[PDB]
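In case you want the letters, here they are:
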Amino acid sequence: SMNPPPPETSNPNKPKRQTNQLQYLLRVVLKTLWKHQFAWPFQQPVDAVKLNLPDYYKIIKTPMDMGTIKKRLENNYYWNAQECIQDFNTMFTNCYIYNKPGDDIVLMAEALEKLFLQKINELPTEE
Ligand SMILES: CC(=O)Nc1c(F)cc(C(=O)N[C@H]2CC[C@H](O)CC2)cc1O[C@@H](C)c1ccccc1
């Protein structure tokens, strides 16, 4: 069994900025989800080897996780808030695509996604 390389968190070629919205996505959104009792399965890329999910990276071709998002935000990797919001939405969607309703991992994704939606609802206007 083999894991793919993780998503890119560094790329000098890539245009990037700090925006007040991306600052909010780190200080408020990432921080809120990261500290949650259900955060731990999402704090690093899915280890399909250790979890014995040999089909995971046959089904999930756009993997994403909060470990990757944390590194992208800390490295100021993003151009805009929408790129980062897409990463969160990819993470949740992947969980729902691979797993089935009522699975513990899905209940955990649903709890995190509720908070995500509550926080992004108050994403500030761009400065
Ligand atoms: C980020 C993510 O989603 N990870 C993750 C996953 F993709 C799949 C499974 C998993 O075992 N799915 C099975 C459900 C039942 C089906 O019949 C067969 C597949 C577990 C996962 O997380 C572990 C740490 C976990 C394990 C237990 C509780 C919470 C998290």
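Residues numbered from 1 in each chain as written, not as in the entry; some residues may be left out. Heavy atoms only, no water.

- Deposited coordinates in this entry are attributed by the record to X-ray crystallography, at a stated resolution of 1.601 Å.

Things to note about the site of the ligand
- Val-46, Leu-53, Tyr-56, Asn-99 and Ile-105 are the nearest of the 14 residues found near the ligand.
- Side-chain polar atom of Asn-99 to a nitrogen atom of the ligand: 3.0 Å apart, as the coordinates give it.
- Contact with the protein chains hides 66% of the accessible area of the ligand, taken as 650 Å² for the molecule alone.
- Of the pockets mapped on this structure, the ligand occupies the largest pocket. (Near = heavy atom within 4 Å. Polar contact = N/O pair within 3.5 Å; in protein donor to acceptor, adjacent residues only side chain to side chain. Areas by Shrake-Rupley, 256 points an atom, 1.4 Å probe, with all protein chains shown as cover. 1 Å grid on protein atoms, 1.4 Å probe; cavity = no way out; pocket = protein on both sides within 12 Å on 5 of 7 lines; lining within 4 Å. Sits in = over half its atoms within 2 Å of the grid points.)

Remarks on the side chain of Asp-65
- Locating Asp-65 in the fold gives a position in the loop between helix 2 (56-59) and helix 3 (66-74).
- For the buried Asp-65, no salt bridge exists, and the shortest N-O distance to an oppositely charged side chain is 7.5 Å, to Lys-71.
- Within polar-contact distance, the side chain of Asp-65 engages the backbone nitrogen of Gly-67 at 2.9 Å.
- If we ignore the near neighbours within four places in the chain, the residues touching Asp-65 are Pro-7, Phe-42, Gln-43, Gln-44, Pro-45 and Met-91. (Helix = DSSP H or I, 4+ residues; strand = E, 2+ residues; numbered from the N terminus. Buried < 20%, exposed > 50% of the residue type's maximum accessible area, 1.4 Å probe, protein only. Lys, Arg positive; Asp, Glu negative; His and termini not counted. Salt bridge = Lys/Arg side-chain N within 4 Å of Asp/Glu carboxyl O. Contact = heavy atoms within 4.5 Å.)

Here we look at the packing of aromatic side chains
- Within this structure, the stated rule accounts for 5 aromatic pairs.
- An angle of 85 degrees between the planes, with centres 4.9 Å apart, marks the rings of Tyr-56 and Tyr-57 as edge-to-face.
- Among the aromatic residues, ring-to-ring pairing joins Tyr-56, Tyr-57 and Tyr-98 into one connected group.
- Over the aromatic face of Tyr-77 sits the side chain of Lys-14, whose NZ or CZ is 4.7 Å from the ring centroid. (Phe/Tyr/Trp six-rings, centres within 6.5 Å; stacked < 30°, edge-to-face > 60°. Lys NZ or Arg CZ within 6 Å of the ring centre and 35° of its normal.)

Here's the deal with the layout of surface pockets
- If you add up the space inside the largest pocket, you get close to 370 Å³.
- Lining the largest pocket are 20 residues, with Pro-41, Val-46, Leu-51, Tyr-56 and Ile-105 sitting closest to its centre.
- Within the residue set of the lining of the largest pocket, elements represented by two or more residues are helix 2 and helix 4 (81-98).
- For the lining of the largest pocket, the element with the most residues is helix 4, which contributes 4 residues.
- Each residue belonging to the lining of the largest pocket can be placed in one class, and the counts come to 15 nonpolar, 3 polar and 2 charged. (Points joined across faces, edges and corners; volume = space filled by probe spheres on them. Nonpolar A, V, L, I, M, F, W, Y, C, P; charged D, E, K, R; others polar.)

Some points on the environment of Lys-100
- Relative to the assigned elements, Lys-100 resides in the loop between helix 4 and helix 5 (104-120).
- A polar contact of 2.9 Å, which involves the side chain of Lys-100, links it to the side chain of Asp-103.

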